[PDB]
């Protein structure tokens, strides 16, 4: 067994480079969380109280810790939905919404777009039309899923619309907030949601894997269903007291999370600046305009024309950013990019934008 590959593992460009990966933008730990990591390096915080506060923070009835939004989707589909039930979700749903549904032994129905290119906006009104066609068959819909903000275009959807429809037809509503909770303010009852999942390492300034599952009192007896052999340990939660590092980083960054959501427009200001400034080059913002989230997807025809006459092919954009200390962009892909400037200082925002302007100009 070779142990040389584990020795020099401490080599990364996490501080010498500016990461533009949308997935890792809201999962950056502040200094208050790093101190907590030190205090619990070897691996008794108020867990019970934190679960009450996170509920009030989301305006929900109950809440429980998970190992991410992946777990949160599986918990509900397995405790609420019966094997064989249908899950109706938007077409821009994350891949984990299909995998978990297949793991919970269910079926999936997708909701088409209101318009594709370039908006790719989900038809929230079309949700009812899909369910009716399933009930008239008749297949039984057990869950209505909606990715509040997708991970391809970063589009925002009126969750209250789907939540109002779900209530009329009496079908549970899971609002996927992996790209929502922690960044922008979210109200559970206001959007008429029965379930809300979050990604602590994507939007709540915590380390992976970590997540939160908030739910209503209506389903409280099923999710928090206690075991028979042990009348204390929860079944779906596997009776974990939730100890370790990601849960501590979540609680340590929580006051930072609760304070940065009120200054969410200041992060959209950074976002909209990037869009309005890069559109002078030749980039076209895909998705809903203007941007309502930090996750931006630019169509870049310019980068394709350069990649056809540059020695480094489509990898010229990844290399030219390495020279300027910028990362987070898929290498080889020049047709369209996916970036984000959430949490970045405005000096760094200018640094990123000015860098790209110099790349497209120097590379002809």
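Numbering follows the first chain given and starts at 1.
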Exercise. Classify the number of deposited-sequence residues missing from the model between residue 43 and residue 44: none, 1 to 3, 4 to 9, or 10 or more.
Key: 10 or more
Self-check item: Mean Cα B-factor comparison, 205 to 213 or 98 to 106, giving the higher one as deposited
Solution: 205 to 213
Self-check item: Selected stretch [higher average CA B-factor]: 350 to 358 or 19 to 27
Solution: 350 to 358
Quiz prompt | Out of 285, 92, 157, 241, highest CA B-factor residue | solution = 241
Practice problem: Go through 33, 306, 47, 295 one by one and give the residue whose Cα B-factor in the PDB entry is largest. | Solution: 306
Quiz prompt | Ranked C-alpha temperature factor of residue 228 among modelled chain residues, by third | solution = highest
Quiz item: Would the CA B-factor of residue 313 place it in the lowest, middle or highest third of its chain?
Solution: highest
Exercise. Can you work out whether the C-alpha temperature factor of residue 60 puts it in the lowest, middle or highest third of the chain?
Key: lowest
Quiz item: With respect to C-alpha B-factor, does residue 234 fall in the lowest, middle or highest third of the chain as deposited?
Solution: highest
Quiz prompt | Ranked C-alpha temperature factor of residue 281 among modelled chain residues, by third | solution = highest
